[PDB]
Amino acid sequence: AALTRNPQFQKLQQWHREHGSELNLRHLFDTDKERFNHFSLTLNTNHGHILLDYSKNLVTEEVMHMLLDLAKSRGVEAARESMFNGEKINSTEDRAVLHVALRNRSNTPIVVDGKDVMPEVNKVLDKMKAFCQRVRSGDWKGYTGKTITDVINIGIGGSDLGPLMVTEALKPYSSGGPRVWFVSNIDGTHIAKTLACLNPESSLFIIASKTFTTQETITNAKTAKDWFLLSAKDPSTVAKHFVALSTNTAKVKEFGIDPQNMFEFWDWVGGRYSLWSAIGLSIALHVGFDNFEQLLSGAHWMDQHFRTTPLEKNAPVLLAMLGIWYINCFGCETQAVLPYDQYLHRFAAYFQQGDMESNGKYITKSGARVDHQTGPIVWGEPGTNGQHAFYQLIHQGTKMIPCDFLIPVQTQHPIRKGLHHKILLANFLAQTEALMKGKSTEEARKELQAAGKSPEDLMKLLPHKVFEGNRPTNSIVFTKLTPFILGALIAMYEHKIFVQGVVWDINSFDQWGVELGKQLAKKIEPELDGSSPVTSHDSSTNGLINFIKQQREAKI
């Protein structure tokens, strides 16, 4: 309700109704040689540069002004401070939101109802490093005196995506580290296929679960233990092959893991923002603690940029408001994330959760139902592959789709004297250029006539060759995808999401939308047993269950 009442918002929307359709990227660049200079920012982190070019967006200096005025009147700055200061901004759960403390390497005090949290944060960090050291050095032996060769993280959602995405992204920095595996789905196939290729002797399992009660995780963990025990037959050895990352000690101990091997994080760490805490143990074990600290450092650098930079040149804010523009004014349902980097193949999926689970809300902080759009659908696949799969729709479809193109200037594998990367870069550049420029009917007609096409054949194919263009994109280029830079990029989007949540006046840090499904699932599980028909639900659920019971023992 708040947003739609805001005068800055109304002014912005009225302007859009009057001039929105007028805006044409090709025309804007053709009439302003300083567009790139005026609509981009270069960030020097001292550990590489980050160029955020947002010039190929449907905005003018006037549009940007109104967007910033809106961010201001919506209290983005005061909201940011409240988060960094440990205030309980996660209202529905009455909790603080402090993933920024997890990477607060300046160690500036951050008190939550009485005490500074940093001491506990750094205590867990030290414990992690000391542990990674023992594991990666062979010091930590299995139940038969052998060294650890494989680490298996068992968790789902926030306790899975972050570590997986990061270890994939930083694979080049895993030299000398154990092989890391990730089991998340309850689908038996996941754990089964993973355990098939593992020696219980040199295998270390990490049970990652904030609540340590999640059905998928606990079930997978128990199955892993059975698998392990079948070989090491002796319960007392699980303490050598099972560690836990949780906030609850009782359940961990109950599972059979000693509190000494429990790396804890806190309630003001949201799952989808937990890879920076003990949840990132698998990351540290894979790339070493030095690199993990660089990861955290990169995020801290971005945290500072977000906190001290004027809105007009604040990356997270600029990305967020541009998003608001397309979402609330142009009505675009989605946001595409297209990294031209094979190592970042799980990047889009990570923010699919980070963004959608955070802002996929419809009730404001005041308890009022929104009367405007909130979080968008995030999606995408790494660069050069997408061009041969779905760019067709982005270029000539009937949907407006804001796209974020990302790529590192320097590749981790400069094979063929850099030939591959040069081509990758050319495509990265050419695609955003094409989306902006397009190709007019006249340009396409000349091409066809030069191809000796008959008037009949020229007319029949002509329109299909036209690219209307005027499709907006953001180009984010960084020196190299290192642990530090990656950390800065993730934090950057974390804050983009934070800013949009504030503007929409929703709680980006809770997730009550998962309860109903969990409840109905618990009531169905017992009903699946046996061959008796179920009639307790709607005819559809009843029909599906009965189909399942009937086909349960059908021989193919």
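Residue positions are given as counts along the sequence shown, with the first one as 1. So that the term is clear: the rigid core is the largest set of C-alpha atoms that superpose within 1.5 Å between two forms.
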Comparing 513-521 with 27-35, larger root-mean-square C-alpha distance from this form in 5 other deposited structures of this protein, core superposed, belongs to 513-521
445-453 or 170-178, the stretch lying farther from the shown form in 5 other deposited structures of this protein by root mean square CA distance over structures and residues, after core fitting, is 445-453
The stretch whose C-alpha atoms carry the larger average B-factor in the entry, 292-300 or 242-250, is 242-250
With B-factors read from the PDB entry, the higher C-alpha mean of 365-373 and 255-263 is in 255-263
Among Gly438, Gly142, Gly270, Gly75, the highest C-alpha B-factor in the PDB entry belongs to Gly142
Among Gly176, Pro402, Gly360, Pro339, highest Cα B-factor in the entry goes to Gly176
Chain thirds by Cα B factor, record data; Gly155 belongs to the middle
Chain thirds by Cα B factor, record data; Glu447 belongs to the highest
Among the modelled residues of its chain, the C-alpha B-factor of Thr482 falls in the third labelled lowest
Assert third(CA B-factor, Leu204) within chain per record equals highest
Sorting the chain's modelled residues by C-alpha B-factor and splitting them into thirds places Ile186 in the lowest
